[PDB]
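I have placed the structure first, in the form of structure tokens, so that the comments after it can refer back to it.
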Amino acid sequence: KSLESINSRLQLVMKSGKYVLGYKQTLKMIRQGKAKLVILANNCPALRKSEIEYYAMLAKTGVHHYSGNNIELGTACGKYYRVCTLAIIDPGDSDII
């Protein structure tokens, strides 16, 4: 995996792609086979990381383990709250996949 940060690519998804935020919707999208890529912050709860990784494995869906924390991920998503996980359904114009 490249050392390059995904931050700018994530911003491109926010602007041009399709995505969901949060455990409930991320898990739903994984389980329905709609998730093209899942992202997890480094300070997500361990039990939640494990659950998401497990279901993503069954769905053959890639998981990118974000190098930063949920403050950084929330900020990269243009939110004013912490974000632990999201599922990208359509990358739009981002070469993120």
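For reference, positions follow the sequence shown, starting with 1. Only this structure's heavy atoms are used, side chains among them; waters, hydrogens and symmetry mates stay out.
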| said: I'd like to know if the side chain of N70 and the backbone of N43 have a donor-acceptor N/O pair within less than 3.5 Å. | reply: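 No; judged by distance alone, with no hydrogens or angles, the pair does not exist.
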How many angstroms lie between [atom1] in [X] and [atom2] in [Y], if you round to the nearest 0.5 Å?
X: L21; Y: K79; atom1: CG; atom2: NZ; value: 6.0 Å
X: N69; Y: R82; atom1: CG; atom2: CZ; value: 7.0 Å
X: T26; Y: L40; atom1: OG1; atom2: CG; value: 8.0 Å
X: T75; Y: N7; atom1: OG1; atom2: CG; value: 9.5 Å

| task | Could you name each residue pair satisfying salt bridge (charged side-chain N to carboxylate O under 4.0 Å, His left out) that touches residues 46-62, not counting sequence neighbours? | result |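 Applying salt bridge (charged side-chain N to carboxylate O under 4.0 Å, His left out) to every pair that reaches into residues 46-62, excluding sequence neighbours, yields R48-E51.
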| query | Taking only residues at least two apart or on different chains, which pairs with a member in residues 11-39 satisfy salt bridge (charged side-chain N to carboxylate O under 4.0 Å, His left out)? | reply |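 Sorted pair list comes back empty.
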Output a table of donor-acceptor pairs, distance under 3.5 Å, between side-chain atoms of residues 83-97 and any protein atom two or more places apart or on a different chain; print 'none' if there are none.
| unit_1 | atom_1 | unit_2 | atom_2 | d |
| --- | --- | --- | --- | --- |
| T85 | OG1 | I39 | O | 2.9 |
| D90 | OD1 | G92 | N | 2.8 |
| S94 | OG | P91 | O | 2.6 |
| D95 | OD1 | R9 | NE | 2.6 |

Should [X] and [Y] be counted in the same cluster of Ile, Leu, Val, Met, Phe, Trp and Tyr side chains packed under 4.5 Å apart?
X: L73; Y: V13; result: yes
X: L37; Y: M14; result: yes
X: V20; Y: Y81; result: no
X: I6; Y: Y19; result: yes

| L47, CG: over 12 other non-hydrogen atoms inside 6.0 angstrom |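 No, CG of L47 has 12 or fewer neighbouring heavy atoms, counting only those of other groups under 6.0 Å.
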If you take all heavy atoms of [X] and [Y], which pair is closest and at what distance?
X: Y66; Y: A76; value: OH-CB, 4.2 Å
X: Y55; Y: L27; value: CD1-CD2, 3.8 Å
X: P45; Y: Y23; value: CD-OH, 3.2 Å

